[PDB]
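**Student:** For reference, this is data-v5.pdb, and it has PDB, N, CA and C atoms.
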ATOM      1  N   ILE L   1    -204.090-100.540 -20.231
ATOM      2  CA  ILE L   1    -203.823 -99.152 -20.605
ATOM      3  C   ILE L   1    -205.071 -98.298 -20.422
ATOM      4  N   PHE L   2    -206.236 -98.835 -20.796
ATOM      5  CA  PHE L   2    -207.482 -98.088 -20.637
ATOM      6  C   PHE L   2    -207.779 -97.798 -19.168
ATOM      7  N   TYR L   3    -207.579 -98.790 -18.298
ATOM      8  CA  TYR L   3    -207.808 -98.588 -16.870
ATOM      9  C   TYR L   3    -206.811 -97.604 -16.273
ATOM     10  N   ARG L   4    -205.543 -97.669 -16.691
ATOM     11  CA  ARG L   4    -204.560 -96.719 -16.177
ATOM     12  C   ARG L   4    -204.860 -95.298 -16.646
ATOM     13  N   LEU L   5    -205.295 -95.146 -17.900
ATOM     14  CA  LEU L   5    -205.663 -93.828 -18.405
ATOM     15  C   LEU L   5    -206.903 -93.291 -17.708
ATOM     16  N   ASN L   6    -207.838 -94.170 -17.344
ATOM     17  CA  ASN L   6    -208.947 -93.749 -16.496
ATOM     18  C   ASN L   6    -208.452 -93.314 -15.124
ATOM     19  N   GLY L   7    -207.458 -94.020 -14.586
ATOM     20  CA  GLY L   7    -206.962 -93.719 -13.256
ATOM     21  C   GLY L   7    -206.142 -92.451 -13.158
ATOM     22  N   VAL L   8    -205.539 -92.002 -14.258
ATOM     23  CA  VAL L   8    -204.676 -90.824 -14.184
ATOM     24  C   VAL L   8    -205.462 -89.547 -14.452
ATOM     25  N   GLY L   9    -206.787 -89.643 -14.468
ATOM     26  CA  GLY L   9    -207.607 -88.450 -14.530
ATOM     27  C   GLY L   9    -208.153 -88.103 -15.900
ATOM     28  N   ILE L  10    -208.514 -89.116 -16.682
ATOM     29  CA  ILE L  10    -209.175 -88.929 -17.967
ATOM     30  C   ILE L  10    -210.511 -89.651 -17.907
ATOM     31  N   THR L  11    -211.557 -89.005 -18.412
ATOM     32  CA  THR L  11    -212.895 -89.569 -18.330
ATOM     33  C   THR L  11    -213.036 -90.786 -19.241
ATOM     34  N   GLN L  12    -214.007 -91.638 -18.902
ATOM     35  CA  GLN L  12    -214.212 -92.879 -19.639
ATOM     36  C   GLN L  12    -214.872 -92.651 -20.993
ATOM     37  N   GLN L  13    -215.494 -91.489 -21.205
ATOM     38  CA  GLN L  13    -216.173 -91.227 -22.470
ATOM     39  C   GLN L  13    -215.180 -91.126 -23.622
ATOM     40  N   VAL L  14    -214.133 -90.314 -23.452
ATOM     41  CA  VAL L  14    -213.155 -90.125 -24.517
ATOM     42  C   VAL L  14    -212.342 -91.398 -24.737
ATOM     43  N   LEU L  15    -212.098 -92.174 -23.678
ATOM     44  CA  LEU L  15    -211.465 -93.478 -23.848
ATOM     45  C   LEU L  15    -212.369 -94.430 -24.617
ATOM     46  N   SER L  16    -213.676 -94.367 -24.363
ATOM     47  CA  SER L  16    -214.625 -95.240 -25.037
ATOM     48  C   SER L  16    -214.845 -94.864 -26.494
ATOM     49  N   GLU L  17    -214.627 -93.603 -26.869
ATOM     50  CA  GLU L  17    -214.886 -93.195 -28.244
ATOM     51  C   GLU L  17    -213.630 -93.037 -29.091
ATOM     52  N   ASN L  18    -212.444 -93.002 -28.491
ATOM     53  CA  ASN L  18    -211.234 -92.629 -29.220
ATOM     54  C   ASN L  18    -210.119 -93.641 -28.984
ATOM     55  N   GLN L  19    -210.435 -94.928 -29.135
ATOM     56  CA  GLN L  19    -209.421 -95.964 -28.960
ATOM     57  C   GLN L  19    -208.409 -95.977 -30.100
ATOM     58  N   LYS L  20    -208.855 -95.695 -31.327
ATOM     59  CA  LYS L  20    -207.983 -95.838 -32.490
ATOM     60  C   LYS L  20    -206.869 -94.798 -32.495
ATOM     61  N   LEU L  21    -207.198 -93.539 -32.194
ATOM     62  CA  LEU L  21    -206.185 -92.489 -32.240
ATOM     63  C   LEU L  21    -205.175 -92.641 -31.110
ATOM     64  N   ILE L  22    -205.630 -93.026 -29.915
ATOM     65  CA  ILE L  22    -204.679 -93.233 -28.828
ATOM     66  C   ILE L  22    -203.842 -94.482 -29.080
ATOM     67  N   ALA L  23    -204.405 -95.489 -29.758
ATOM     68  CA  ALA L  23    -203.614 -96.652 -30.144
ATOM     69  C   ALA L  23    -202.537 -96.275 -31.150
ATOM     70  N   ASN L  24    -202.889 -95.440 -32.130
ATOM     71  CA  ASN L  24    -201.908 -94.971 -33.103
ATOM     72  C   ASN L  24    -200.838 -94.114 -32.440
ATOM     73  N   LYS L  25    -201.232 -93.274 -31.479
ATOM     74  CA  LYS L  25    -200.266 -92.445 -30.765
ATOM     75  C   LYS L  25    -199.311 -93.291 -29.933
ATOM     76  N   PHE L  26    -199.832 -94.316 -29.251
ATOM     77  CA  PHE L  26    -198.978 -95.216 -28.482
ATOM     78  C   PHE L  26    -198.026 -95.988 -29.385
ATOM     79  N   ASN L  27    -198.525 -96.470 -30.528
ATOM     80  CA  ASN L  27    -197.679 -97.202 -31.464
ATOM     81  C   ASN L  27    -196.587 -96.309 -32.040
ATOM     82  N   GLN L  28    -196.933 -95.066 -32.385
ATOM     83  CA  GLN L  28    -195.942 -94.125 -32.896
ATOM     84  C   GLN L  28    -194.911 -93.775 -31.830
ATOM     85  N   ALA L  29    -195.351 -93.623 -30.579
ATOM     86  CA  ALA L  29    -194.428 -93.329 -29.488
ATOM     87  C   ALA L  29    -193.455 -94.475 -29.255
ATOM     88  N   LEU L  30    -193.943 -95.715 -29.323
ATOM     89  CA  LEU L  30    -193.051 -96.861 -29.172
ATOM     90  C   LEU L  30    -192.095 -96.986 -30.352
ATOM     91  N   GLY L  31    -192.582 -96.743 -31.571
ATOM     92  CA  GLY L  31    -191.727 -96.865 -32.737
ATOM     93  C   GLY L  31    -190.736 -95.737 -32.916
ATOM     94  N   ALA L  32    -190.984 -94.585 -32.286
ATOM     95  CA  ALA L  32    -190.083 -93.447 -32.442
ATOM     96  C   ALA L  32    -188.723 -93.715 -31.814
ATOM     97  N   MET L  33    -188.702 -94.341 -30.639
ATOM     98  CA  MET L  33    -187.448 -94.557 -29.932
ATOM     99  C   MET L  33    -186.639 -95.723 -30.481
ATOM    100  N   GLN L  34    -187.205 -96.512 -31.400
ATOM    101  CA  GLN L  34    -186.457 -97.619 -31.987
ATOM    102  C   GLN L  34    -185.282 -97.116 -32.816
ATOM    103  N   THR L  35    -185.494 -96.071 -33.609
ATOM    104  CA  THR L  35    -184.425 -95.459 -34.384
ATOM    105  C   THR L  35    -183.702 -94.360 -33.622
ATOM    106  N   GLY L  36    -184.169 -94.013 -32.427
ATOM    107  CA  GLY L  36    -183.548 -92.975 -31.637
ATOM    108  C   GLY L  36    -182.338 -93.398 -30.846
ATOM    109  N   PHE L  37    -181.940 -94.666 -30.931
ATOM    110  CA  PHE L  37    -180.798 -95.150 -30.168
ATOM    111  C   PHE L  37    -179.502 -94.616 -30.760
ATOM    112  N   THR L  38    -179.100 -93.431 -30.323
ATOM    113  CA  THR L  38    -177.907 -92.767 -30.828
ATOM    114  C   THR L  38    -177.332 -91.918 -29.698
ATOM    115  N   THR L  39    -176.454 -90.974 -30.049
ATOM    116  CA  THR L  39    -175.837 -90.111 -29.048
ATOM    117  C   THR L  39    -176.856 -89.177 -28.398
ATOM    118  N   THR L  40    -177.942 -88.854 -29.105
ATOM    119  CA  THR L  40    -178.930 -87.911 -28.591
ATOM    120  C   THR L  40    -179.699 -88.445 -27.388
ATOM    121  N   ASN L  41    -179.743 -89.760 -27.194
ATOM    122  CA  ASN L  41    -180.439 -90.332 -26.049
ATOM    123  C   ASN L  41    -179.551 -90.270 -24.815
ATOM    124  N   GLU L  42    -180.100 -89.738 -23.721
ATOM    125  CA  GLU L  42    -179.309 -89.571 -22.506
ATOM    126  C   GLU L  42    -179.040 -90.906 -21.825
ATOM    127  N   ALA L  43    -180.016 -91.815 -21.844
ATOM    128  CA  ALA L  43    -179.815 -93.123 -21.229
ATOM    129  C   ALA L  43    -178.806 -93.952 -22.012
ATOM    130  N   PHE L  44    -178.822 -93.833 -23.341
ATOM    131  CA  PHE L  44    -177.806 -94.485 -24.159
ATOM    132  C   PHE L  44    -176.420 -93.935 -23.848
ATOM    133  N   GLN L  45    -176.324 -92.616 -23.654
ATOM    134  CA  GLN L  45    -175.055 -92.007 -23.271
ATOM    135  C   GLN L  45    -174.601 -92.493 -21.902
ATOM    136  N   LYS L  46    -175.538 -92.672 -20.969
ATOM    137  CA  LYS L  46    -175.176 -93.169 -19.645
ATOM    138  C   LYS L  46    -174.722 -94.624 -19.703
ATOM    139  N   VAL L  47    -175.359 -95.430 -20.556
ATOM    140  CA  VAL L  47    -174.943 -96.821 -20.738
ATOM    141  C   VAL L  47    -173.537 -96.877 -21.321
ATOM    142  N   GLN L  48    -173.277 -96.043 -22.332
ATOM    143  CA  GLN L  48    -171.945 -95.982 -22.924
ATOM    144  C   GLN L  48    -170.916 -95.479 -21.920
ATOM    145  N   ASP L  49    -171.304 -94.532 -21.063
ATOM    146  CA  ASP L  49    -170.393 -94.025 -20.041
ATOM    147  C   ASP L  49    -170.074 -95.089 -19.000
TER     148      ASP L  49
ATOM    149  N   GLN X   1    -157.719 -66.280  -5.589
ATOM    150  CA  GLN X   1    -158.205 -67.304  -6.505
ATOM    151  C   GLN X   1    -157.666 -67.114  -7.917
ATOM    152  N   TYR X   2    -157.011 -65.990  -8.192
ATOM    153  CA  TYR X   2    -156.331 -65.760  -9.461
ATOM    154  C   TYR X   2    -154.834 -65.999  -9.392
ATOM    155  N   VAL X   3    -154.178 -65.539  -8.325
ATOM    156  CA  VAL X   3    -152.722 -65.593  -8.264
ATOM    157  C   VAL X   3    -152.235 -67.008  -7.967
ATOM    158  N   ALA X   4    -153.056 -67.830  -7.320
ATOM    159  CA  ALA X   4    -152.628 -69.162  -6.919
ATOM    160  C   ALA X   4    -152.743 -70.190  -8.037
ATOM    161  N   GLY X   5    -153.306 -69.819  -9.182
ATOM    162  CA  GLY X   5    -153.298 -70.695 -10.338
ATOM    163  C   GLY X   5    -154.464 -71.657 -10.446
ATOM    164  N   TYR X   6    -155.680 -71.146 -10.290
ATOM    165  CA  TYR X   6    -156.895 -71.902 -10.570
ATOM    166  C   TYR X   6    -157.986 -70.894 -10.907
ATOM    167  N   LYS X   7    -159.226 -71.368 -11.021
ATOM    168  CA  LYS X   7    -160.351 -70.463 -11.203
ATOM    169  C   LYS X   7    -161.636 -71.141 -10.753
ATOM    170  N   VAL X   8    -162.637 -70.310 -10.488
ATOM    171  CA  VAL X   8    -163.972 -70.753 -10.112
ATOM    172  C   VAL X   8    -164.892 -70.467 -11.286
ATOM    173  N   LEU X   9    -165.525 -71.511 -11.811
ATOM    174  CA  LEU X   9    -166.405 -71.348 -12.952
ATOM    175  C   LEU X   9    -167.663 -70.584 -12.548
ATOM    176  N   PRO X  10    -168.216 -69.774 -13.454
ATOM    177  CA  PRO X  10    -169.510 -69.158 -13.179
ATOM    178  C   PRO X  10    -170.601 -70.207 -13.145
ATOM    179  N   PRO X  11    -171.664 -69.986 -12.377
ATOM    180  CA  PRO X  11    -172.766 -70.949 -12.344
ATOM    181  C   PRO X  11    -173.528 -70.983 -13.660
ATOM    182  N   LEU X  12    -174.267 -72.079 -13.848
ATOM    183  CA  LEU X  12    -174.982 -72.311 -15.098
ATOM    184  C   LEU X  12    -176.115 -71.315 -15.308
ATOM    185  N   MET X  13    -176.632 -70.721 -14.239
ATOM    186  CA  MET X  13    -177.749 -69.797 -14.337
ATOM    187  C   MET X  13    -177.341 -68.420 -13.820
ATOM    188  N   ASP X  14    -177.954 -67.351 -14.239
ATOM    189  CA  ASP X  14    -177.565 -66.107 -13.621
ATOM    190  C   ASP X  14    -178.356 -66.050 -12.428
ATOM    191  N   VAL X  15    -177.986 -65.187 -11.530
ATOM    192  CA  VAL X  15    -178.822 -65.022 -10.402
ATOM    193  C   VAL X  15    -180.188 -64.647 -10.884
ATOM    194  N   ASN X  16    -180.279 -63.721 -11.801
ATOM    195  CA  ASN X  16    -181.566 -63.305 -12.221
ATOM    196  C   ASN X  16    -182.451 -64.409 -12.668
ATOM    197  N   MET X  17    -181.929 -65.466 -13.224
ATOM    198  CA  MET X  17    -182.862 -66.451 -13.693
ATOM    199  C   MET X  17    -183.220 -67.432 -12.662
ATOM    200  N   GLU X  18    -182.397 -67.562 -11.654
ATOM    201  CA  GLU X  18    -182.667 -68.567 -10.706
ATOM    202  C   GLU X  18    -183.883 -68.042 -10.211
ATOM    203  N   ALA X  19    -183.877 -66.776  -9.997
ATOM    204  CA  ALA X  19    -185.022 -66.260  -9.407
ATOM    205  C   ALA X  19    -186.277 -66.500 -10.095
ATOM    206  N   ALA X  20    -186.287 -66.445 -11.385
ATOM    207  CA  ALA X  20    -187.585 -66.554 -11.980
ATOM    208  C   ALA X  20    -188.110 -67.846 -11.567
ATOM    209  N   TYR X  21    -187.260 -68.780 -11.680
ATOM    210  CA  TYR X  21    -187.673 -70.149 -11.368
ATOM    211  C   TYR X  21    -188.400 -70.225 -10.028
ATOM    212  N   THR X  22    -187.870 -69.556  -9.003
ATOM    213  CA  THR X  22    -188.531 -69.539  -7.705
ATOM    214  C   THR X  22    -189.828 -68.746  -7.746
ATOM    215  N   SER X  23    -189.894 -67.697  -8.573
ATOM    216  CA  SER X  23    -191.149 -66.973  -8.747
ATOM    217  C   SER X  23    -192.213 -67.858  -9.378
ATOM    218  N   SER X  24    -191.828 -68.652 -10.380
ATOM    219  CA  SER X  24    -192.759 -69.596 -10.989
ATOM    220  C   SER X  24    -193.204 -70.659  -9.992
ATOM    221  N   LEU X  25    -192.277 -71.149  -9.165
ATOM    222  CA  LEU X  25    -192.641 -72.139  -8.155
ATOM    223  C   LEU X  25    -193.599 -71.557  -7.121
ATOM    224  N   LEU X  26    -193.361 -70.313  -6.698
ATOM    225  CA  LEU X  26    -194.261 -69.656  -5.758
ATOM    226  C   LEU X  26    -195.621 -69.381  -6.385
ATOM    227  N   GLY X  27    -195.659 -69.115  -7.691
ATOM    228  CA  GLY X  27    -196.935 -68.973  -8.362
ATOM    229  C   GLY X  27    -197.668 -70.279  -8.574
ATOM    230  N   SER X  28    -196.943 -71.397  -8.627
ATOM    231  CA  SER X  28    -197.559 -72.682  -8.930
ATOM    232  C   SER X  28    -197.907 -73.515  -7.703
ATOM    233  N   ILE X  29    -197.313 -73.228  -6.539
ATOM    234  CA  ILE X  29    -197.615 -74.028  -5.351
ATOM    235  C   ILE X  29    -199.062 -73.844  -4.916
ATOM    236  N   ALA X  30    -199.616 -72.645  -5.094
ATOM    237  CA  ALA X  30    -201.005 -72.410  -4.729
ATOM    238  C   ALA X  30    -201.978 -73.133  -5.649
ATOM    239  N   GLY X  31    -201.536 -73.539  -6.836
ATOM    240  CA  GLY X  31    -202.444 -74.115  -7.804
ATOM    241  C   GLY X  31    -202.329 -75.605  -8.033
ATOM    242  N   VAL X  32    -201.100 -76.126  -8.047
ATOM    243  CA  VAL X  32    -200.905 -77.543  -8.342
ATOM    244  C   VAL X  32    -201.471 -78.409  -7.222
ATOM    245  N   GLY X  33    -201.279 -77.994  -5.974
ATOM    246  CA  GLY X  33    -201.743 -78.773  -4.842
ATOM    247  C   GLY X  33    -203.230 -78.680  -4.562
ATOM    248  N   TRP X  34    -204.053 -78.993  -5.551
ATOM    249  CA  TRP X  34    -205.496 -79.056  -5.352
ATOM    250  C   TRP X  34    -206.099 -80.371  -5.823
ATOM    251  N   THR X  35    -205.591 -80.940  -6.913
ATOM    252  CA  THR X  35    -206.054 -82.226  -7.414
ATOM    253  C   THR X  35    -204.854 -82.953  -8.003
ATOM    254  N   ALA X  36    -204.851 -84.280  -7.876
ATOM    255  CA  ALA X  36    -203.757 -85.086  -8.403
ATOM    256  C   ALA X  36    -203.712 -85.009  -9.924
ATOM    257  N   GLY X  37    -202.501 -85.064 -10.469
ATOM    258  CA  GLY X  37    -202.302 -84.905 -11.894
ATOM    259  C   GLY X  37    -201.696 -83.560 -12.230
ATOM    260  N   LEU X  38    -200.539 -83.567 -12.885
ATOM    261  CA  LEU X  38    -199.829 -82.342 -13.220
ATOM    262  C   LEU X  38    -200.323 -81.700 -14.508
ATOM    263  N   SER X  39    -201.305 -82.306 -15.178
ATOM    264  CA  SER X  39    -201.715 -81.826 -16.494
ATOM    265  C   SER X  39    -202.427 -80.482 -16.410
ATOM    266  N   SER X  40    -203.367 -80.342 -15.488
ATOM    267  CA  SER X  40    -204.138 -79.116 -15.369
ATOM    268  C   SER X  40    -203.448 -78.143 -14.423
ATOM    269  N   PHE X  41    -203.919 -76.900 -14.441
ATOM    270  CA  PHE X  41    -203.480 -75.900 -13.480
ATOM    271  C   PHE X  41    -204.682 -75.175 -12.899
ATOM    272  N   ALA X  42    -204.641 -74.965 -11.586
ATOM    273  CA  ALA X  42    -205.780 -74.494 -10.807
ATOM    274  C   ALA X  42    -205.329 -73.408  -9.827
ATOM    275  N   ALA X  43    -204.698 -72.348 -10.341
ATOM    276  CA  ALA X  43    -204.068 -71.346  -9.483
ATOM    277  C   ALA X  43    -205.072 -70.522  -8.683
ATOM    278  N   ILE X  44    -205.663 -71.149  -7.669
ATOM    279  CA  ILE X  44    -206.564 -70.526  -6.701
ATOM    280  C   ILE X  44    -205.753 -69.516  -5.895
ATOM    281  N   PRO X  45    -206.354 -68.427  -5.407
ATOM    282  CA  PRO X  45    -205.672 -67.587  -4.415
ATOM    283  C   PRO X  45    -205.254 -68.384  -3.187
ATOM    284  N   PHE X  46    -204.191 -67.901  -2.535
ATOM    285  CA  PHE X  46    -203.449 -68.694  -1.556
ATOM    286  C   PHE X  46    -204.295 -69.056  -0.340
ATOM    287  N   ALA X  47    -205.201 -68.162   0.069
ATOM    288  CA  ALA X  47    -205.984 -68.382   1.284
ATOM    289  C   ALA X  47    -206.883 -69.604   1.162
ATOM    290  N   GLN X  48    -207.563 -69.750   0.029
ATOM    291  CA  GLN X  48    -208.405 -70.919  -0.155
ATOM    292  C   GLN X  48    -207.591 -72.185  -0.375
ATOM    293  N   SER X  49    -206.369 -72.068  -0.901
ATOM    294  CA  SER X  49    -205.481 -73.224  -0.962
ATOM    295  C   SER X  49    -205.108 -73.706   0.434
TER     296      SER X  49
END
Represent the structure contained in this file as structure tokens.

**Tutor:**
Amino acid sequence: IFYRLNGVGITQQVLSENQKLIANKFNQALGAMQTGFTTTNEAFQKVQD
Amino acid sequence: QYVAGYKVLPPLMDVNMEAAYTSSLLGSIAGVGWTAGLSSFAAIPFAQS
């Protein structure tokens, strides 16, 4: 993840100093869609269709 | 299209708005195509682009 974030145009300094907040953001992003499996998700609607 | 027993639905956008969209695209083509990554915007005048 660190190498990909370096590759998509983010400097290595902020990656080197801010691992905890980006880790929390990634964890929150992954956990958000766990309870989001409902009608509001378009891919879930396509699977049901 | 009325007497024969059907109808043609209006489009999802008005003409007026389609247009904006093309105005925004014309404003953004000079700027996005300078460096990879959609995060930043670099709307240089068209000649230097």

**Student:** Could you list the residues chosen by the PyMOL selection byres ((chain X and name CA) within 12 of (chain L and name CA)) in this structure as a list in words?

**Tutor:**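 On the file shown, the PyMOL selection byres ((chain X and name CA) within 12 of (chain L and name CA)) covers residues 35, 36, 37, 38, 39 and 40 of chain X.
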
**Student:** Atom CA of residue 48 of chain X and atom CA of residue 26 of chain X are how many Å apart?

**Tutor:** 15.3 Å

**Student:** Under the rule that all atoms listed in the file are counted, which of X:1, X:30, X:9, X:25 is the nearest residue to residue 47 of chain X?

**Tutor:**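 Between X:1, X:30, X:9, X:25, the residue approaching residue 47 of chain X most closely is X:30.
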
**Student:** Expressed in Å to a single decimal, how great is the separation between atom N of residue 19 of chain X and atom C of residue 6 of chain X?

**Tutor:**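 Interatomic distance here is 26.2 Å.
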
**Student:** Can you list, as a PyMOL selection string, every residue of chain X that DSSP puts in helix (DSSP H, G or I)?

**Tutor:** chain X and resi 15-32
